[PDB]
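For reference, the chain that follows is the form deposited in one PDB entry, supplied as structure tokens.
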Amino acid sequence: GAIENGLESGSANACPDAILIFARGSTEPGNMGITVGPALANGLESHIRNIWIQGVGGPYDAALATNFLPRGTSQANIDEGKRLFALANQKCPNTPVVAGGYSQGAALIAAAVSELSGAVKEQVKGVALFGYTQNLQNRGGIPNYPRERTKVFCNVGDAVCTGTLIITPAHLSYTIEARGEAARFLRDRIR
């Protein structure tokens, strides 16, 4: 499951119990990638059958180069994030939204969420970040968004969690957490 487009294809007359938006890591294929993303989608779908899963695609090509921009990805990538949260609130304003991101995707998701206002932000009930490349700069959180709704998985052995921009093997541990603890956290915020 590397590509998921359940929000872009879904009908506003069949809104689900929840919507998951996910941003993948640098170099990862499709719009979910092949590590943390499918594990989180699977974890969550095992607790909530009626769910739409949506990867962040469009301009987000998961390029290595974009990590070196302020906030850890490009503005066009952040804007695509924002567009998807807005589309969730237009189609399905009474449905809870949860979000996830891995590595560069975690930067994308943290920035997007920090710039939403009002009713679009309120609809976002939880966010799980894995290998958060802005962990130092943002002190383990998402600016302008409550800490009770945020769960950060940053292994102490993962270089990106202490400011060093390389692709690490820490996904091998994050996929276990995505399927378990992170899926439960997001389930609980949805419920």
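Residues that one form lacks are left out of the comparison. Here, rigid core means the biggest group of C-alpha atoms that superpose within 1.5 Å across both forms. Each residue number is its position in the shown sequence, starting from 1.
If you look for the form deposited in another entry, you will not find it shown, but the lines that follow are about it.
Once you overlay the rigid core, does the Cα of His171 travel 2 Å or further between this form and the one not shown?
Yes; that C-alpha moves by at least 2 Å between this form and the one not shown.
Taking the shown form as the reference, report whether the CA atoms of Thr168 and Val56 lie closer or farther apart in that other deposited form; the distance changes by 3 angstroms or more.
Compared with the form shown here, the C-alpha atoms of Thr168 and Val56 sit farther apart in that other deposited form, by 3 Å or more.
Pin down for me whether the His171-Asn42 Cα distance shrinks or grows in that other deposited form relative to this form (closer or farther, change of 3 Å or more).
Relative to the shown form, the pair is farther apart.
Are there runs of at least three residues between this form and the one not shown whose C-alphas all move 2 Å or more relative to the rigid core, and where are they?
Once the cores are aligned, run 166-173 is the only one whose C-alphas move by at least 2 Å.
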